[PDB]
Amino acid sequence: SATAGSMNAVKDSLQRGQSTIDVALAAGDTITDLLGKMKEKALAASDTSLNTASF
Amino acid sequence: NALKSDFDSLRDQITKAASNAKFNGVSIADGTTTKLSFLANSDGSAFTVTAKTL
């Protein structure tokens, strides 16, 4: 019975891990969007028809 | 002499026309570069356009 009761702490810990990964995935959404925009900037800046102000 | 004077004036106008052939600071015809390269695909491979000096 004491062993079954200690599984509540195991469940709390696993739920804590799922919450931590959820926050990481939200930040990762932000970061992959930023990286896509950054690739769009670098791709545009490699064109040589740009003037200096646009670059 | 009148024909020669007209000819020289038209010759100078050619220089003006060629020097003004710029789009936002870049030209394919004013002689300032050998080629312009525009993007062809997302990896950045170029679409070359050879300059044609006017």
Q.
Between A:53, A:44, which is out of contact with any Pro (no Cβ under 9 Å at 6 or more places or on another chain), small (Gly, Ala, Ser) and part of a helix (DSSP H, G or I)?
A. A:44
Q.
Going by what's in this entry, would residue B:35 be described as surrounded by 11 or more Cβ atoms within 10 Å (Cβ to Cβ), within 14 Å of another protein chain (Cβ to nearest Cβ) and over 26 Å from residue A:39 (Cα atoms)?
A. no
Q. Residues in the range A:14-31: is at least one over 30 Å from residue B:21 (Cβ atoms), within 14 Å of chain B (Cβ to nearest Cβ) and either within 29 Å of the chain's Cα centre (by Cα) or not in a helix (DSSP H, G or I) (or both)?
A. no
Q. Here are some conditions: (1) surrounded by 14 or more Cβ atoms within 10 Å (Cβ to Cβ); (2) within 13 Å of another protein chain (Cβ to nearest Cβ); (3) within 11 Å of the chain's Cα centre (by Cα); (4) of a type in the set (S, T, N, Q). Residue B:19 meets all but one. Which one does it not meet?
A. (2)
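Methodologically, a virtual Cβ is constructed for each residue, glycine included, from the backbone with ideal geometry; neighbour enumeration extends over all protein chains shown. We did not get these values from a lab; they are worked out from the coordinates using the rules stated.
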